[PDB]
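What follows is a single structure, written as structure tokens, with notes after it.
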Amino acid sequence: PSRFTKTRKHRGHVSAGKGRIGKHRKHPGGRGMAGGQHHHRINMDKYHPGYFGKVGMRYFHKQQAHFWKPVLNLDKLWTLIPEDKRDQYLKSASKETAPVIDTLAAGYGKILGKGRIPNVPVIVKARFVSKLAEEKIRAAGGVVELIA
Amino acid sequence: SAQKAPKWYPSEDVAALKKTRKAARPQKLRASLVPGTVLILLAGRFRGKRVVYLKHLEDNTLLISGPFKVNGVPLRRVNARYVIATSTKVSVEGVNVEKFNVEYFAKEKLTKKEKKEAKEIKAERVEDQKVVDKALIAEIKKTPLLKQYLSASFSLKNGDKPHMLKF
Amino acid sequence: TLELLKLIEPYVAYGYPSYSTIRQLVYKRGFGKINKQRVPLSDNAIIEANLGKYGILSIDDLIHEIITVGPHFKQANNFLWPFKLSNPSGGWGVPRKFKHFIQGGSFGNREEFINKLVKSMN
Amino acid sequence: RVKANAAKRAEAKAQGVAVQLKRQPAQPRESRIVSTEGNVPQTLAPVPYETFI
Amino acid sequence: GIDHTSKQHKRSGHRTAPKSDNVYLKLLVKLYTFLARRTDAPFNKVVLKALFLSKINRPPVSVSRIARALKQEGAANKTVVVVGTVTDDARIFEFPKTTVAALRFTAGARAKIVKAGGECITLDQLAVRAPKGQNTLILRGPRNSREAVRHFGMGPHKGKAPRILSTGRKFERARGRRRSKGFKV
Amino acid sequence: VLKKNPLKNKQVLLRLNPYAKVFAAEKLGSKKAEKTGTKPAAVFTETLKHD
RNA sequence: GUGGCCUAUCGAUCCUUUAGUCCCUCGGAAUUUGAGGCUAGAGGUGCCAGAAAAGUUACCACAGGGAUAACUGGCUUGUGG
RNA sequence: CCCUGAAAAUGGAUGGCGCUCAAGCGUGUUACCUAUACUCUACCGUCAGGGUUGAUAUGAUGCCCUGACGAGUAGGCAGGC
RNA sequence: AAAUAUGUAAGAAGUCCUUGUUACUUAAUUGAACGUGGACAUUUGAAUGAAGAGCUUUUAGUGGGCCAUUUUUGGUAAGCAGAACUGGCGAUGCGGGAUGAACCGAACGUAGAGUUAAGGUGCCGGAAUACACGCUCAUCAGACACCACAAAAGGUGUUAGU
RNA sequence: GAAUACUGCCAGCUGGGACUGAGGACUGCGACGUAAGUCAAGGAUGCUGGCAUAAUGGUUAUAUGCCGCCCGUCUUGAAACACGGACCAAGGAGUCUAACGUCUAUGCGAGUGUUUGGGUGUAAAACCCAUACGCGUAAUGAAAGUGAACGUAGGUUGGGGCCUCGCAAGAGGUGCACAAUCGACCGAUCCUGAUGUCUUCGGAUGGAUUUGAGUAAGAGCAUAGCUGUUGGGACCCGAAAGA
Ligand SMILES: C[C@@H]1C[C@@H]([C@H](O)CC2CC(=O)NC(=O)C2)C(=O)[C@@H](C)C1
Ligand SMILES: [Mg+2]
Ligand SMILES: [Mg+2]
Ligand SMILES: [Mg+2]
Ligand SMILES: [Mg+2]
Ligand SMILES: [Mg+2]
Ligand SMILES: [Mg+2]
Ligand SMILES: [Mg+2]
Ligand SMILES: [Mg+2]
Ligand SMILES: [Mg+2]
Ligand SMILES: [Mg+2]
Ligand SMILES: [Mg+2]
Ligand SMILES: [Mg+2]
Ligand SMILES: [Mg+2]
Ligand SMILES: [Mg+2]
Ligand SMILES: [Mg+2]
Ligand SMILES: [Mg+2]
Ligand SMILES: [Mg+2]
Ligand SMILES: [Mg+2]
Ligand SMILES: [Mg+2]
Ligand SMILES: [Mg+2]
Ligand SMILES: [Mg+2]
Ligand SMILES: [Mg+2]
Ligand SMILES: [Mg+2]
Ligand SMILES: [Mg+2]
């Protein structure tokens, strides 16, 4: 709201907080990103290194949906089971009846291995899996089945 | 409402005063002020009159009778700071002045309703003056010129410097 | 400290104070620094509360620690708030203060005449 | 100085307590008596001006 | 005139009260102001000062952080005190039975503690049952893990994150970030 | 509430320094010194008077 | 001993080019040309932190400047007297 | 010390009047005069350190105790009209 | 080869005594670095002060300067131009220098009282036509720093002196 | 053999003058008194007089004494022989928006955001809601790709608070946040190159004065506010020009 702004406080003071000498003007250093290589060079190089120049190769007509692959870590793997079967599965870790977790249905593309799942067998269905994530699942007694 | 309210009000109880450590000790008078000394009145209706200092009253006033027979000044109180004590002395071991005091000089209770648009002495006062003045005059006549000196008024002449005068 | 005084000669008048000067200075203008506050001494219990850990129990113990530069002089002196003196009552005695005392001015070391100056200043 | 401070402290641990390790600034001189025997004070005044040219 | 050695009339620079207008927070503040004044326990002073803190200065404390703190030797029976919010954490699968006093419990954190057998307590109940902070354990969340902190101190060779809207190739990964393009930082 | 100066107000002077009563009673500010008749050496006097 | 006894003797982005890795990409799938990438040099900006740039206006215009000349005045007095 | 050396333009400047064993020049000793400076006191504000709940006679961003401090363009912030 | 200015140190993150690690080092059970355990008392290793000490974020205005003492360059010089340290003015009133940005004194909430600073005390004008020893008479005397200038040279004017 | 001057000391005595009277039950420290009390001892009381209204006082006009240059602005420097201003009324200049930084408040929190839309309604309000989507919970590399615990999620040094022993001083234990440091893990670069084999694939183990805007028991999402940023007429007014 206007009543809380410094404009109200500056009424009666000539320069309105802009200074008598500097004397607020239109665009004293140029407009937008003018002078990035010439008179704004120090700011550009200190705060935005890498701004100028090209790196890498172009990708014509890139579709982001090709690269859809959300990641899920093992430490969050057990949140894909609803909490009301969660404790029932956590006790009585059974190889003959182990929970099936469909991470693609949950909306994930790759299982990563940030690690320390409980020592309980689970069948993890995933499109992709990291080597360590698979080793930890097998160490817990489960299995990774690949899906598409 | 025209004005909202004060959320809380000051208390109207009067606070007691703290105990005061000011004891009333008796006045210490000037060395030159001893009974029987001739004084010069510097203020009042009797400005410049020579009077006789008789008694130090308990209201810190001086009871003086510049003999009424001599100069028309009756037995009355004066302030010690409004007189000049001279070197002239009269003996006062013949006068009785223990009767005169503050309640003796208590004036009246003037009534507020009592008003005057345009306009006597008590009986006992005149005999008190006569009794005191008899002994005062009897002692005064002993050395010449006191009666004339007491009848005459004091005044400052040209070239008089009271900071160098001996009274 | 002599080097410090020699480095601030033009702005100070200093000397050797007597017992009478020290005693009158502390009695009339002596304030203690207690919890970063300037407290008038005015009572021995204040001194025993703030300097009793050094065996200083009264204003005379404090004066003794000052006049004789004792083991706990530093603590007692720092406990004393800097004395705030008035201008000297009979003036400075010189037409111009900001020469050396030797050259007819007021600053520098005036060894025993600091007593007269400080007595008139408080 | 650290070695000497340790030596003084260990010696004071046996005898002479309060060895007062800290250094001190130069102190004002104590009282003294200056004898005149063979040293009678005798000296002259400032010298008159002369050119030496 | 006085030759001032320090700036005059300088405010202390510390909060003396919460910036908020939460009436229940102000009641907690007045309770712990009374306790900090009438008790010599430094716990009450610490809790009182924490009650003034801003949101970025009271980061949430995870239940996993609480469990790790309770794993310290001789701290299994202490009362955990969080002047702030206790959040839930699914990375942990076992949680001890314990008493936690906090300003706020998220639904998951409260459910996890209660299921573990402990209890969630407000700071006024903590004050009632431990007026001197007896057998307490004050926990604080990670202050410098805030995303804003990554950009603090940006400069040559400082190793901080640039303030940037879009990331990836073409966004500040060129001259100034590699030797092949001019120079590197 | 009000600073009262010792060196006046003998009540405050006595509140501080209980020894002020003994000092005043025995007149320790006016102590007569014991007489002695030691004489300066002739070398001292001759040096003092020397040109 | 990682150039010249030491203190000077030199150059970004884009583009081109060469060397290296024989590596990554050309996005329906492959092969071979071609092209594009990653690392390291060169081609040059001497106004040397690096625009691509001829005059004239006595026909002139605008924003300003006493931040600055052409007259008095002021300081100075070499020169002049 | 004084004098000569010593000439500029409207009428004029130890500030003026004037001053001559000075009211001039050198020096010395006192007294005296007065700044928004110093000392003490009151009051305003600011800052700091504290007290105050077996209901503080229901205001604890209130009441109160203590100490110090107060110039200000550009500018910042706060409380208010 | 000064003066002034300038680096470092004056301890607990320390010192000492035994013995643990290493892929470094040594001819080596030698060292180096970092350690376990033990000893050191209250002057824990000069003085003075310390107004709280450290830490971070963010953003205003500014990026024409000028003056004075001292050092100093160009110039005959300049109220000229250009540097060094510090203090100032700018951004600041108040008392004094008649007057004046910068000099002297002193920095400022509103008042009372006392005392002073610099400067003064014939009158203007508050305050000694004070006291004391001398000097000077100018037919162009002199009369307080910054500062509002004076020189070489000369005089049986007058004073003191060699 | 004295005296006096000069200088200094007294918790020696005492006279005159001026300004001030803050606080408001008691609490303290003292003093004098055998005690009882009293006191000049943590800030003024007592006695007395006049008037009770324009008398004091306020306002205003004037006089007197001393002081006081015209404001605004640019400027090192303005009263300036620098510029704007004869006078008065009314109007008259840092705004809104998109995106964003720091900070703060609020909700909920590994999530968070109902308001594109649907339902509903007392109808532009309020109330209710599915699926998606945004940001966040993973980084790194040009990319193909790969992708975060040796260990109580490590060691050392501090570290508030808590705990135990201590009248205390202090000594031990535990030590969140945070700070320094040595490590460990993920990606990039360079190196090494096991079993095996479509014999050229695969890339296990082990390294490095290298490198990342990483991990190492999550902090974020949303709304709002001041301040700041960019694009916009962009604080208001102003060209010579160009089309
Ligand atoms: C003189 C020639 C060309 C020059 C350079 O490419 C010229 C420009 C061209 C341009 O439009 N933009 C730029 O950033 C650079 C360069 O590199 C030299 C070595 C060789
Ligand atoms: Mg302003
Ligand atoms: Mg205006
Ligand atoms: Mg302006
Ligand atoms: Mg500007
Ligand atoms: Mg350029
Ligand atoms: Mg005087
Ligand atoms: Mg294609
Ligand atoms: Mg042209
Ligand atoms: Mg023509
Ligand atoms: Mg000008
Ligand atoms: Mg400028
Ligand atoms: Mg300026
Ligand atoms: Mg002048
Ligand atoms: Mg002046
Ligand atoms: Mg000076
Ligand atoms: Mg005069
Ligand atoms: Mg006069
Ligand atoms: Mg005038
Ligand atoms: Mg103009
Ligand atoms: Mg005009
Ligand atoms: Mg007009
Ligand atoms: Mg208007
Ligand atoms: Mg416009
Ligand atoms: Mg054009």
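To find a chain, count down the sequence lines: A is the first, B the second, and so on, and within it residues start at 1. Side chains included, hydrogens not; waters and symmetry mates left out as well; all remaining heavy atoms used.
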Check: If you take atom types as modelled and just measure distance, does the side chain of A:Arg8 reach the base of J:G94 with a donor-acceptor pair under 3.5 Å?
Finding: no
Notebook entry, point to check: Between I:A33 and I:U21, is a Watson-Crick or G-U wobble pair present, with both distances under 3.5 Å?
Noted result: yes
Notebook entry, point to check: Could a donor-acceptor pair under 3.5 angstrom be found where the side chain of E:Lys55 meets the base of J:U106?
Noted result: yes
Notebook entry, point to check: For atom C1', what is the distance between J:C19 and J:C13, given to the nearest Å?
Noted result: 26 Å
Note to self: So, with the rule that both contacts fall under 3.5 Å, do J:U62 and J:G113 count as a Watson-Crick or wobble pair?
What the structure shows: no
Check: Donor-acceptor pair under 3.5 Å: do we get one between C:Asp43's side chain and the base of J:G30?
Finding: no
Check: Under 5.5 Å centre to centre and under 30° between the ring planes, is that true for the bases of J:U189 and J:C190?
Finding: yes
Check: Hey, does the side-chain of F:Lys4 have a donor or acceptor N/O within less than 3.5 Å of a partner on the base of J:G43?
Finding: no
Margin query: Of the listed nucleotides (J:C176, G:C15, J:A138), which one gets closest to any side-chain atom of E:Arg65?
Written below: J:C176
Checklist line | Nucleotide nearest E:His9 (side chain, heavy atoms from C-beta), chosen from J:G109, J:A217, H:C69 | finding: H:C69
Item checked: Per E:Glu73 side chain, nearest of listed nucleotides J:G175, J:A219, J:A142 -> J:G175
Note to self: Let's see if you can work this out: which of J:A217, J:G94, I:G45 has an atom nearest to the side-chain heavy atoms of A:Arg11?
What the structure shows: J:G94
Margin query: Going by centres under 5.5 angstrom and planes under 30 degrees, do the aromatic ring of A:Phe52 and the base ring of G:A12 stack?
Written below: no
Notebook entry, point to check: Can we call J:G232 and J:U75 a base pair, counting Watson-Crick and G-U wobble only and needing both distances under 3.5 Å?
Noted result: no
Next item on the list: Please confirm whether any donor atom in the side chain of E:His151 sits under 3.5 Å from an acceptor in the base of J:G101, or the reverse.
Entry: no
Check: A:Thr5 has a side chain; which of J:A40, J:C226, G:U13 sits nearest to it?
Finding: J:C226
Notebook entry, point to check: Looking at G:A49, does its base get a donor-acceptor pair with the side chain of A:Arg41 below 3.5 Å?
Noted result: yes
Margin query: Can you see a Watson-Crick or G-U wobble pair between H:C19 and G:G44, using both distances under 3.5 Å as the test?
Written below: no
Check: I:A50, H:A68, I:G49: which one has an atom nearest the side-chain heavy atoms of C:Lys33?
Finding: I:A50
Check: Of all the nucleotides listed (J:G175, H:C38, J:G151), which has the minimum atom distance to the side chain of A:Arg116?
Finding: J:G151
Checklist line | Among J:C162, J:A217, J:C10, the one nearest E:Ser64 by side-chain distance | finding: J:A217
Check: So does C:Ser86 reach the base of I:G114 with its side chain, donor to acceptor, closer than 3.5 Å?
Finding: yes
Next item on the list: Please answer whether J:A11 and F:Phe23 are stacked, defined here as ring centres separated by less than 5.5 Å and planes angled under 30°.
Entry: yes
Check: Can you tell me how far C1' of I:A118 sits from CZ of C:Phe98, to the nearest Å?
Finding: 8 Å
Next item on the list: Test the consecutive nucleotides J:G187 and J:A188 for base stacking (six-membered ring centres under 5.5 Å, planes under 30 degrees) and report the result as yes or no.
Entry: yes
Next item on the list: Among H:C47, J:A179, H:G49, find the nucleotide with the atom closest to the side chain of E:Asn144.
Entry: J:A179
Item checked: Nearest-neighbour nucleotide for the E:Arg91 side chain, J:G220, J:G218, J:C39 considered -> J:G218
